[PDB]
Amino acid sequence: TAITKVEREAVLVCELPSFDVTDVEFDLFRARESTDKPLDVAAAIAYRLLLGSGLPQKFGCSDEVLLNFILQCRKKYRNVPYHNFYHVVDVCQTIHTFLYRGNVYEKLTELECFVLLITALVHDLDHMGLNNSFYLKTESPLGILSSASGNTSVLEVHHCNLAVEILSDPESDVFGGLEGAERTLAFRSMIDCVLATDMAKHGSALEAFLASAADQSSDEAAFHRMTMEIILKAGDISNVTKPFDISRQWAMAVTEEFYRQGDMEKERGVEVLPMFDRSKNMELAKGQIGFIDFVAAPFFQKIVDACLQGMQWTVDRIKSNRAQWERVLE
């Protein structure tokens, strides 16, 4: 279904006064509250980020095709508490800061940077607020296909299907100005990156990045592809790297989405992990401190020390946020 001029214009009128979408302290929550059309403000933010990068122009992507693409993506996000359009616009904004404030763009081609910013916006398409384990536990029809065809990444394959669908329309094909090996690389790297966001692949992903970083000269292509995967993963788990009040609001949203999954599991009589169990009754800080200690702090420290020195602020902020969660526990 084609994007209309009227849908484009409602995005184009958002001027985002008092916001700098390129800054590491940018507050998407404040942006959403700033008007009564937060879906338009979010789309404008994505649009300004992509155009501001100078990348779509270089790869033959018109302003209009870019905006159509952003709006086709937006239509395929659901009204779930966390994995909605605001999460992927956030991931897009965050990756922009890693590339340009954290100087990770130096490690990548311009095309790879363009693909990363585009891929941020597709990477969770039509998320329903249930994780891969739910579909597997319940033998949902919606994930029988995945296991039957040799992959457990039910959601991520689904996101890729839909990204390909959006891009198949010339009106929203942001890769339509590419040809040959470049067009092929855009699609392949986009899909590799989305598939790599499955946290069941987190450990192997991180360890494959660290290996290629320790020896970049031996296989440049591999290092480029792994750097893209790790930066999309970094954007995806970046909530704990933000100013505390922003970080706390993301944590509230993730937790509500998890609890809704847990409630559906109780309805089905299947297993509910404590992290998903509304009845255990919080507290927010305990879950955050745990996620920081066991997942997020070691991830950012390892990728920063290995390679990505310009992203040191992520480690600093994680440390800071952890201390604040400790104070909230009294």
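Start at 1 with the first residue shown and count on from there.
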So 184 to 192 or 171 to 179, which one's hotter by mean CA B-factor in the entry?
-> 171 to 179
According to the deposited model, is the average Cα temperature factor higher in 8 to 16 or in 310 to 318?
-> 8 to 16
Report the option among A253, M226, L142, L117 whose CA atom has the maximum B-factor in the deposited record.
-> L142
Using the temperature factors in the entry, find which of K242, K76, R101, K137 has the highest value at its Cα atom.
-> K137
Can you work out whether the C-alpha temperature factor of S34 puts it in the lowest, middle or highest third of the chain?
-> highest
Could you tell me which third, lowest, middle or highest, the C-alpha B-factor of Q261 occupies within its chain?
-> lowest
Would you mind checking where the Cα B-factor of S62 ranks among the modelled residues of its chain, as the lowest, middle or highest third?
-> middle
Where the record places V304 (Cα B-factor, split into thirds across the chain) = middle
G150, C-alpha B-factor rank within chain (lowest, middle or highest third) | highest
